[PDB]
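Only one structure is covered here, and it is reproduced in the block below.
Written out as C-alpha cells, the structure is:
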C-alpha cells in the first residue's frame with residue numbers, strides 16, 4: 001500500500017502520476033452490493049457457517065479464490081469477444097486502418113490466451129491451497145477430541161475425584177496430547193512447505209504473464225507507430241497503403257519473442 | 001492543591017502563570033446539574049443505598065470510576081473525529097497548509113490511540129479496585145455477624161442471665177471474634193498490597209502517557225516551525241512548497257521515538 | 001499512527017508493549033451509537049447542512065471541538081469527585097492508609113485543576129479557530145458573487161451577445177475578479193498565520209500539561225514508596241505509623257516543583 005501517514009484515502013503521486021494527472025474515476029461504478037449478485041455470497045456464507053471452525057477461514061478463502069477464477073475466465077472470454085468484434089468493426093474502414101485494427105485484434109487474442117494460461121496456473125495454486133485446507137481441517141479434530149476429553153476429565157474430577165474412570169480418562173488425555181502436540185508440529189511443517197511452494201508457483205506465473213503482456217504491449221505500440229496518423233486535407237485522394245510487409249514482420253517478431261521467452265529470460269530486476 | 005493561606009478561591013500564579021496572564025474561563029460552562037444527565041446519577045445513588053454499608057463507599061468509587069472511563073473513551077473518540085474532520089477541512093487549502101494540517105491530524109490520531117491505551121490500563125486499575133472492593137465487602141459480614149451475636153448475647157443476659165443458651169452463645173461469640181480480629185488483620189494486609197500495586201500501575205501508565213504526549217507535542221511544534229508563516233503581499237504569486245521531505249523525516253522520527261520510549265527512558269526527575 | 005504495512009488493525013508492539021503484555025480491552029465498551037446521545041449529533045448535522053458550503057466544514061470542526069471541551073470539563077469534574085470520594089473511603093482505614101490515600105486525593109485534585117487550566121487554553125485555541133472560520137466564511141460570498149455573475153454573463157451572452165447589459169456586466173465581473181483573486185491571497189495569508197499561532201498555543205499548553213502531570217505522577221510514585229506494603233502476620237499488632245513528616249515534605253516539594261515549572265524548564269527533547 002502507498003498511503004503516507006495521513007488520514008487521507010489518497011496516496012502521494014508516483015513518477016507516473018507526476019507525469020500526467022490521473023484520469024477521473026470510472027463512470028461504470030454503479031450502486032449495488034458491490035459484487036453483482038447473491039448466490040456466490042450465499043456460498044461464501046455457507047463456507048463461513050457450516051465448516052469446522054479452524055478450517056472455516058481457509059475454506060472461505062478457497063471459495064473466494066474460485067469466485068476470482070470464475071470472474072477472470074469470464075472477463076478473458078469477454079475480452080476475446082471484444083477484440084474479435086473490434087476488428088470486425090475495423091474491417092469496413094481504410095485499408096491501413098483495417099490492417100492495424102486486425103493486428104491489434106490478434107494481439108488482444110494473444111493477451112486473452114496468455115490470461116487463460118495464467119488462469120490455469122492460478123487454479124493449480126488454488127488446488128494446492130485446497131490441499132493444505134484439507135490436511136489442516138482434518139488435523140483439527142485431533143485437538144477437538146483433546147479439548148473434549150480434557151473438559152470431560154475436569155468435570156469428572158469435580159464431580160467424583162475418586163471415580164474409577166479418572167485413570168483411564170487420564171491415560172486417554174495423555175494419548176490425545178501425544179497425538180496433538182506433535183500433530184501441531186507436523187501441521188506447521190506442511191503448512192510452511194505448501195504455502196511456500198504454492199506462492200512461488202503463483203508468483204512465477206504472475207511474472208511470466210506480466211512480462212509476456214509487456215512484450216505484447218511494446219510490440220503493439222511499435223506497430224501503432226506504423227499507422228499513418230497524418231490527416232489528409234479535405235477533398236484530396238487517399239495515399240496508397242504499403243504497410244502489409246512491415247506489420248507482417250512485426251507480428252512475426254512478436255510471435256518469435258513470445259516463443260523465446262523463458263523464466264530466466266525475464267528482465268525484471270528487483271532491488 | 002496550590003491554595004495559599006487565604007479565603008480566596010484563587011491560587012498564587014506559578015512561573016507559567018507569571019509568564020503570561022491566564023486565559024478567561026471557558027465560555028462553554030453552561031447551567032445544569034454540572035454533570036449532563038441523571039441515569040448515571042441514579043446508578044451512583046443506587047450504589048450508595050443498596051450495597052453493604054462498609055463496602056458502599058468503595059462500590060460507589062468503582063461506579064464513578066466506570067463513569068470516568070466511559071467519559072474518557074467518549075472524548076477520545078470525539079478527539080479522533082475532530083482530528084479527522086480538521087484535516088478534512090485542511091484538504092482544500094494551500095499545499096503547505098494541507099500537508100501541515102494532515103500531519104497534525106496524524107499526531108492527534110496518535111494522541112487518541114495513546115489515550116485509548118491509557119484507558120485500557122486505567123480499566124485494569126479499576127478492575128483491581130473492584131477486586132479489593134469484593135474481598136473487603138465479603139469480609140464485612142463476619143463483623144456483621146459478630147455485632148449481631150454480641151447484641152443477642154447482651155439482650156439474653158439482661159433478660160435471663162441463667163439461660164442455658166448463654167454458654168453456647170458465648171462460645172459462638174468467641175468463635176466469631178477469633179474469626180473477626182484476624183480477618184481484620186488479613187483485610188488490612190490485602191488492602192495495602194492491592195492499593196499499592198494498583199496505584200503503582202496507574203501512575204506508571206499516567207507517566208508513560210504524559211511522556212508520549214509531551215514527545216508528540218514537541219515534534220508537532222518542531223513541525224509547525226516548518227510552516228511558512230511569512231505573509232505574501234497582495235497580488236503576488238504563491239511560492240512553491242517543498243516541505244514534503246522535511247515533514248516526511250519529522251513524522252518518521254516521531255514514530256521512531258514513540259517506538260523507542262521505555263519506562264526507564266522517561267526523563268522526568270522528581271526532586 | 002503506528003500501523004505497519006499489513007491489513008491488520010494491530011500495531012507492532014513498542015518497547016513498553018514489549019515489557020509487558022497489553023491489558024485486555026475495556027469492559028465498559030457497550031453497544032450504542034458510539035457517542036452517548038443525539039442532541040449534539042443534531043447540532044453537528046445542522047452545522048453540516050445550513051452553513052455556507054466552504055465554511056460548513058470549519059463550523060462543524062468548531063462545534064465538534066466545543067463538544068470535546070464539554071466532555072473534557074465534565075470528565076475533569078468527575079475525576080475531581082472520584083478523588084474526593086476515594087479519599088473519603090480511605091478515611092476509615094489504617095492511619096498509614098488514610099494518609100497515603102489522602103495525599104493521593106490531593107494529587108488527583110492537582111491533576112484536575114491542571115486539566116481545567118489546559119481546558120481554558122484549549123478553549124482559547126477553539127476561539128482562534130472560530131475567528132478563522134468567521135473571516136474565511138465571510139470571504140466566501142465574494143467568490144459566490146463572482147460565480148453567480150460569471151454564470152449570468154455566460155447566459156446573457158448565449159441569449160443575446162449584443163445586449164447592452166453585456167458591457168456593464170463584464171465590468172462588474174472584472175470588478176468581482178479583482179475583489180476575489182487578491183481576497184484569496186489575503187485569505188491564505190490569514191489562514192496560515194491564525195493556524196500556526198493557534199496550533200503553537202495548543203501544543204505549548206499540551207506539553208505544559210503533560211510535563212506537570214508527569215511530575216505529579218513521579219512524586220506520587222515516590223510517595224507510594226513510603227507506604228509500608230509489608231504484610232503483618234495473623235494475630236499480630238499494628239506497627240506505629242510515622243510517615244506524616246515524609247509525606248509532608250514530599251507534598252511540599254511537589255507544590256514547589258509545580259510552581260517552579262516554566263516553558264523553558266520542560267525537559268522533553270524531541271530528536
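Residue numbers (the deposited numbering), protein chains in the order written: chain C, 1 to 271; chain A, 1 to 271; chain B, 1 to 271. Built from N, CA and C at the ideal position, the CB exists for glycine as well.
Straight-line CA distance for residue i to residue j?
| i | j | result |
| --- | --- | --- |
| residue 8 of chain B | residue 2 of chain B | 11 angstroms |
| residue 17 of chain A | residue 15 of chain C | 52 angstroms |
| residue 164 of chain B | residue 200 of chain B | 54 angstroms |
| residue 231 of chain C | residue 95 of chain C | 15 angstroms |
| residue 152 of chain A | residue 158 of chain A | 10 angstroms |
| residue 240 of chain C | residue 225 of chain C | 17 angstroms |
| residue 144 of chain A | residue 183 of chain A | 12 angstroms |
| residue 10 of chain A | residue 45 of chain A | 32 angstroms |
| residue 52 of chain B | residue 139 of chain B | 11 angstroms |
| residue 4 of chain C | residue 262 of chain A | 26 angstroms |
| residue 259 of chain B | residue 245 of chain B | 21 angstroms |
Rank the options by C-alpha distance to the C-alpha of residue i and give the top, closest one.
| i | options | result |
| --- | --- | --- |
| residue 219 of chain A | B:80, B:270, B:263, B:183 | B:270 |
| residue 248 of chain B | B:237, B:133, B:106 | B:106 |
| residue 179 of chain A | A:204, A:201, A:141 | A:141 |
| residue 123 of chain C | C:207, C:240, C:263, C:69 | C:69 |
| residue 250 of chain C | C:190, C:175, C:99 | C:99 |
| residue 213 of chain C | C:59, C:46, C:41, C:110 | C:110 |
| residue 24 of chain A | B:101, B:118, B:90, B:143 | B:118 |
| residue 80 of chain B | B:115, B:52, B:48 | B:115 |
| residue 90 of chain B | A:57, A:158, A:10 | A:57 |
| residue 154 of chain B | B:234, B:233, B:166 | B:166 |
| residue 207 of chain B | B:92, B:146, B:264, B:127 | B:264 |
| residue 284 of chain A | A:52, A:210, A:71, A:189 | In the structure displayed, chain A extends from 1 to 271; residue 284 of chain A sits before or after that span and is not available. |
| residue 279 of chain A | B:205, B:78, B:65, B:255 | Since the displayed chain A opens at 1 and closes at 271, residue 279 of chain A lies outside it and no answer follows. |
| residue 228 of chain A | B:171, B:130, B:190 | B:190 |
| residue 43 of chain B | B:244, B:162, B:65 | B:65 |
| residue 173 of chain B | B:55, B:150, B:193 | B:150 |
| residue 31 of chain A | B:74, B:267, B:35 | B:74 |
| residue 37 of chain B | B:67, B:160, B:54 | B:67 |
| residue 185 of chain A | B:233, B:50, B:29, B:55 | B:233 |
| residue 254 of chain C | C:53, C:217, C:243 | C:217 |
| residue 177 of chain B | B:29, B:148, B:50, B:160 | B:148 |
| residue 298 of chain B | A:193, A:258, A:238 | Residue coverage of chain B in this structure runs from 1 to 271, which leaves residue 298 of chain B outside it and unanswerable. |
Are residue i and residue j close, meaning C-beta to C-beta below 8 angstroms?
| i | j | result |
| --- | --- | --- |
| residue 82 of chain A | residue 61 of chain B | yes |
| residue 195 of chain B | residue 136 of chain B | no |
| residue 103 of chain A | residue 215 of chain A | no |
| residue 101 of chain C | residue 87 of chain C | yes |
| residue 169 of chain A | residue 156 of chain A | yes |
| residue 63 of chain B | residue 203 of chain A | no |
| residue 133 of chain B | residue 59 of chain B | yes |
| residue 47 of chain B | residue 128 of chain B | no |
| residue 121 of chain C | residue 205 of chain C | yes |
| residue 267 of chain A | residue 19 of chain B | no |
- Task: Can you check the region 186-241 of chain A for any alpha helix (DSSP H) of at least 4 residues that lies completely inside it and give the ranges in chain order?
- Result: none
- Anything in the region 71-105 of chain A with a Cβ closer than 8 angstroms to a Cβ of chain C? List those residues in chain order, please. 83, 84, 87, 88, 91, 102, 103, 105
- Message: At a CB distance below 9 angstroms, what residues from the region 192-213 of chain C approach chain A? Give them in sequence order.
- Response: none
- What are the start and end residues of each continuous alpha helix (DSSP H) run of 4 or more residues lying completely inside the region 85-161 of chain B, in chain order? 95-159
- Item | Interface positions of the region 233-248 of chain A facing chain B (Cβ-Cβ less than 8 angstroms), listed along the chain | 234, 235, 236, 238
- Task: May I ask you to list, following chain order, the residues of the region 248-263 of chain A that have a beta carbon less than 7 angstroms from some beta carbon of chain C?
- Result: 251
- Query: At what residue ranges does the region 236-271 of chain A contain a whole run of the alpha helix (DSSP H), taking only runs of 4 or more?
  - Reply: 244-260
- Task: For the region 217-229 of chain B, enumerate the residues whose C-beta is nearer than 8 angstroms to any C-beta of chain A, in chain order.
- Result: 217, 218, 219, 220, 221, 222, 224, 227, 228, 229
- Task: Below 7 angstroms between beta carbons is the criterion; list the residues of the region 121-140 of chain B that meet it against any residue of chain A, in chain order.
- Result: 121, 123, 124
- In the region 47-58 of chain B, which residues sit with their C-beta less than 7 angstroms from some C-beta in chain A, listed in chain order? 57, 58
- Report the residues of the region 140-165 of chain A with a CB closer than 9 angstroms to any CB of chain B, ordered along the chain. none
- May I ask you to list, following chain order, the residues of the region 165-182 of chain A that have a beta carbon less than 9 angstroms from some beta carbon of chain B? 181, 182
- Using Cβ-Cβ distances below 9 angstroms, what residues of the region 16-39 of chain B are close to chain A? 16, 17, 18, 19, 22, 23, 24, 25, 26, 27, 28, 29, 30, 34, 35, 36, 37
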